[PDB]
Structure formats: structure tokens, C-alpha cells
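Chemist: One structure follows; several queries about it will come next.
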Amino acid sequence: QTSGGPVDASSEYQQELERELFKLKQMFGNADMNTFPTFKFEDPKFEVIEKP
Amino acid sequence: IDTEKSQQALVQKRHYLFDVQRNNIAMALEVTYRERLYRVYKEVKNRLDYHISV
Amino acid sequence: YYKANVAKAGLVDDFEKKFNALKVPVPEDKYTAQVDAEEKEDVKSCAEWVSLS
Amino acid sequence: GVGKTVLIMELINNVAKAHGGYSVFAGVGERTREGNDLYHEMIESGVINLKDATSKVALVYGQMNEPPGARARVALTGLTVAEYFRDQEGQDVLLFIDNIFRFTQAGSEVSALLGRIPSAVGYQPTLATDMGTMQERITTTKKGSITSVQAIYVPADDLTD
Ligand SMILES: Nc1ncnc2c1ncn2[C@@H]1O[C@H](COP(=O)(O)OP(=O)(O)O)[C@@H](O)[C@H]1O
Ligand SMILES: [Mg+2]
Numbered sequence: 055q056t057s058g059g060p061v062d063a064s065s066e067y068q069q070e071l072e073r074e075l076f077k078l079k080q081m082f083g084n085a086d087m088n089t090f091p092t093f094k095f096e097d098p099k100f101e102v103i104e105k106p
Numbered sequence: 150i151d152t153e154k155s156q157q158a159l160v161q162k163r164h165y166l167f168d169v170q171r172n173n174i175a176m177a178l179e180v181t182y183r184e185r186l187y188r189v190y191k192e193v194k195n196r197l198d199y200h201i202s203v
Numbered sequence: 056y057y058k059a060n061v062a063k064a065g066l067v068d069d070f071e072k073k074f075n076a077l078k079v080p081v082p083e084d085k086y087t088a089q090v091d092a093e094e095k096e097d098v099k100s101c102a103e104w105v106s107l108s
Numbered sequence: 209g210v211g212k213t214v215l216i217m218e219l220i221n222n223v224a225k226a227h228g229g230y231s232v233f234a235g236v237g238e239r240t241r242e243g244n245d246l247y248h249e250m251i252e253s254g255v256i257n258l259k260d261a262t263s264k265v266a267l268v269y270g271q272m273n274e275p276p277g278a279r280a281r282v283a284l285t286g287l288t289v290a291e292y293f294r295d296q297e298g299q300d301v302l303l304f305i306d307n308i309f310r311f312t313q314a315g316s317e318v319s320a321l322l323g324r325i326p327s328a329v330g331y332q333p334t335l336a337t338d339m340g341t342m343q344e345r346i347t348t349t350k351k352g353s354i355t356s357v358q359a360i361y362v363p364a365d366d367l368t369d
């Protein structure tokens, strides 16, 4: 009997759930892990190699 | 004569400098590509398992 | 493994739709043509010396 | 006399003033003079604030003049303060303990009076397990972090005691 019950009449466990989800999220990353990641890409460096 | 012909054999060997660099230009562009592949693959996989973890 | 194990509303689909339709930038050379030209120039300087020798 | 207290006070100075995570100092069977010294050099350093309570260090003290029981349990008291700061707040705690040997020594001073056959070098038969159940609580978990600096007295420069 949990129709309106997300967690079956807890009235608690949220005060630590916020901490667990903070820790779990902060150890997986720091950005928003609910959206797709954009990609910036670099190009290797090069120098003058021909005979000076 | 023997000294001069030795120099010619050496001149003919000169080409090894240019292929070496060409090899390094070849491999580097191959590396940065494969890194770009693993980076993109691994990141998107991370967001997936995070949903699985939470 | 990710179709049948995420209860989030269709978010696994658009991540994978964004993936198969992702174009990773293949790096272009921009650096071997100019060493080939230097190679050509060298063989010129080589061959003329072999002629002198 | 080799410099454990000076080194632990320099570590306090550097790290704790560079830290933002509620340090905790536990004086375990040490000199009371050094306790007063540390208290006042922490007040004058701003780390302890007697007004406008933004203090960042909790002090727990049981010194040489205490009975064996107090000197055996004061390390646990300081440990419990640090453990609350780690678990119920997720903060990153510093835990300075000086001296931890006294903890061990305190046990010895009651061992035979509890009716226990002495072990080697006159130490309680329960030395390793007592040290284990105390030290295994001083640890970083997935819920928080505890950096612990413990001054360990080595009797007579033995290191094999
Ligand atoms: N870093 C140091 N610099 C200068 N003198 C020191 C230093 N450390 C120790 N000493 C000297 O050795 C003495 C003993 O220092 P102390 O911290 O009480 O050692 P312990 O804690 O092992 O008994 C000090 O009074 C001091 O004169
Ligand atoms: Mg000392």
C-alpha cells in the first residue's frame, strides 16, 4: 500500500540520503551527471623539424 | 675512390631522417585519435553506470 | 545492460542517440606534406653532390 | 626528548591553520603544562575563539595525574568526537593524539589488578587486541575522512618494545 508512498511512510532517512547522494555524486564527478557531456578536443603540438 | 664511394652509399642512406619524423607524425595522430576514442567512450559509459549506481 | 537496468525516463535512449550520431574529430595531418617537400629538396641537394663526387 | 611534541605542534600549526575541517586534539596521559601551552597558543592563534564561536578545534585532555582508567579512555573520548565530526557531518577531520603509548601503558597499570597473567615485557595479555579495537576506529571511511597524527612514545629508544 504505497500508492502515494514513495518510500512507504518513512518520515525520515532523507536527512542522510542527501548525504549519500552527495558523496556518491561527488565521487563520480562534479558536473551535472544528468545531462549529456559536451566535448572539447585538443590537437598535439609540433615544432620546426626541417633541417635548420 | 673507396672513401668517395663510401660517401655515396651514405648519401643514399640519408632518407632515414625523413621517414622517422613521418613515422612520429603518423603515430602521434593515431594516438590522439585513439585517446579521443577511449575518452569519449569511457565518459559516456560513466554517466550510464552512475545512473545504475544511484 | 543499460536498456533494462535504468528506471530513468528514457534518458538512456538520448545519450545513446547522441552517441551513435556523434562525430569524433579525426585529426588531420597538417605536418607531413611540409616534411615531404623538405625531403624532395634534400634529395636534390644529395643528387647534385653525388654527381660532383 | 627527541621532538615528538614540537613536530606535532608544527604539524598543527601548518596543516590545521591551512585546514578547514574541524581539527580535534586528544592529550592522552601527557604533561598538563603542555596542555595549557597548546590551549593558549591556539587561543592566540585564532584557532580557538572564546567569543563569536567560529572555533575549529575540540580539545580532550586526560593527563599524567589521572588514574589509569582515565588515561586509557581519554583516547576513546577524543576518537568519539572526531568520529561524530566524520560521520554525522561528512567533514574532513584532523585527529592529533599525544601520546598514544600512554593509552597502552594505562592498560598495563590495571592488568594484574584485573586478575590477568602478564605477557612479555610486563604488558597486558590483551595488548594487540585493545590497540586494534581502538585504532581501527581511527580511519577514513566512505562517509568521511580522518587524517590522524599520533605521537608514539618509544620507551628507552627501543622500537622493539
Ligand atoms: N624541531 C626542533 N627544533 C629545535 N629544538 C627542538 C626541536 N624538537 C625538539 N627540540 C628540542 O628537544 C627538546 C624536546 O622536545 P619535545 O617536543 O618535548 O620531545 P618529546 O615530545 O619527544 O618529549 C625540546 O625542548 C627542544 O629543546
Ligand atoms: Mg612530548
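Protein chains in written order, with UniProt numbering: chain A, 55 to 106; chain B, 150 to 203; chain C, 56 to 108; chain D, 209 to 369. In this text, a Cβ means the ideal position worked out from N, Cα and C, and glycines have one as well.
With a cut-off of 9 Å, does the C-beta of A:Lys79 fall near any C-beta of chain D?
Modeler: By this cut-off, A:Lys79 is not an interface position.
Chemist: Using the rule of at least 16 other Cβ atoms within 10 Å of the residue's Cβ for burial, across every protein chain shown, is residue 206 of chain D buried or exposed?
Modeler: The question about residue 206 of chain D has no answer here: the residues shown for chain D are numbered 209 through 369.
Chemist: Any heavy atom of ligand 1 within a distance shorter than 8 Å of the CB on D:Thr240?
Modeler: No - ligand 1 has no heavy atom lying nearer than 8 Å to the Cβ of D:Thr240.
Chemist: Spell out whether any CB of chain E is found under 9 Å from the CB atom of A:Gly59.
Modeler: Considering every chain present, this structure includes no chain E. Its protein chains are A, B, C and D.
Chemist: What residues come near ligand 1, if near means a beta carbon less than 6 Å from any of its heavy atoms?
Modeler: Result (chain order): D:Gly209, D:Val210, D:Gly211, D:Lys212, D:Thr213, D:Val214.
Chemist: Should D:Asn221 be listed as close to ligand 2, given that the test is whether its C-beta is under 8 Å from any heavy atom?
Modeler: Incorrect: D:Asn221 has no Cβ contact closer than 8 Å to ligand 2.
Chemist: Going by beta-carbon coordinates alone, are D:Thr285 and D:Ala234 separated by less than 9 Å?
Modeler: It is a contact, given that the beta carbons lie within the stated cut-off.
Chemist: Could you tell me if D:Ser231 is buried or exposed, where buried requires 16 or more neighbouring beta carbons within 10 angstroms of its beta carbon?
Modeler: When all chains shown are included, D:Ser231 counts as buried.
Chemist: Using a Cβ-based criterion (distance less than 8 Å to any ligand heavy atom), does D:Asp306 qualify as near ligand 2?
Modeler: Flag set: Cβ of D:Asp306 near ligand 2.
Chemist: Compare the C-beta of A:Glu70 with all C-beta atoms of chain B and state if any pair is closer than 9 Å.
Modeler: Chain B, which has no Cβ nearer than 9 Å to the Cβ of A:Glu70, makes this no.
Chemist: Given that a residue counts as buried once 16 or more other Cβ atoms are within 10 Å of its Cβ, and exposed if not, what is D:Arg310?
Modeler: D:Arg310 is buried by the Cβ-count criterion.
Chemist: For the pair the segment 294-306 of chain D and the segment 209-226 of chain D, tell me if three or more CB-CB distances fall below 8 Å.
Modeler: Counting Cβ pairs under 8 Å, three or more are found: they touch.
Chemist: When the Cα of D:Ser327 is compared with those of D:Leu258, D:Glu238, D:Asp369, which residue comes out closest?
Modeler: Per the Cα distances, D:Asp369.
Chemist: What does DSSP give as the partner residue(s) for D:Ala359 in the beta ladder?
Modeler: Paired residue(s): D:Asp306.
Chemist: Under 9 Å, Cβ to Cβ, is there at least one residue of chain D near A:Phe90?
Modeler: No, A:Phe90 lies away from the interface with chain D (no Cβ there is under 9 Å from its Cβ).
Chemist: Sorry if obvious, but does the Cβ on D:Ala359 come closer than 8 Å to a heavy atom of ligand 2?
Modeler: Yes, the Cβ of D:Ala359 comes within 8 Å of a heavy atom of ligand 2.
Chemist: From the DSSP output, in three-state form, read off B:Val160 for me.
Modeler: Looking at B:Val160 - three-state DSSP - the assignment turns out to be helix.
Chemist: The alpha helix (DSSP H) with D:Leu322 in it runs from where to where?
Modeler: No alpha helix (DSSP H) holds D:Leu322; DSSP gives it neither H nor E.
Chemist: Evaluate B:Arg196 with the Cβ neighbour count: other Cβ atoms within 10 Å of its Cβ, from every protein chain shown; 16 or more gives buried, anything less gives exposed.
Modeler: Buried: at least 16 other Cβ atoms inside 10 Å.
Chemist: Locate the beta strand (DSSP E) running through D:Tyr269, then write down its first and last residues.
Modeler: Unbroken beta strand (DSSP E) run through D:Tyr269: 265-270.
Chemist: Interface residues of chain A around B:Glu153 at Cβ under 8 Å?
Modeler: Under the 8 Å cutoff, chain A gives no residues; its nearest Cβ is about 23 Å from B:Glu153.
Chemist: Please report the straight-line C-alpha distance between A:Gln80 and A:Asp86, rounded to a whole angstrom.
Modeler: Approximately 10 Å, taken between the alpha carbons.
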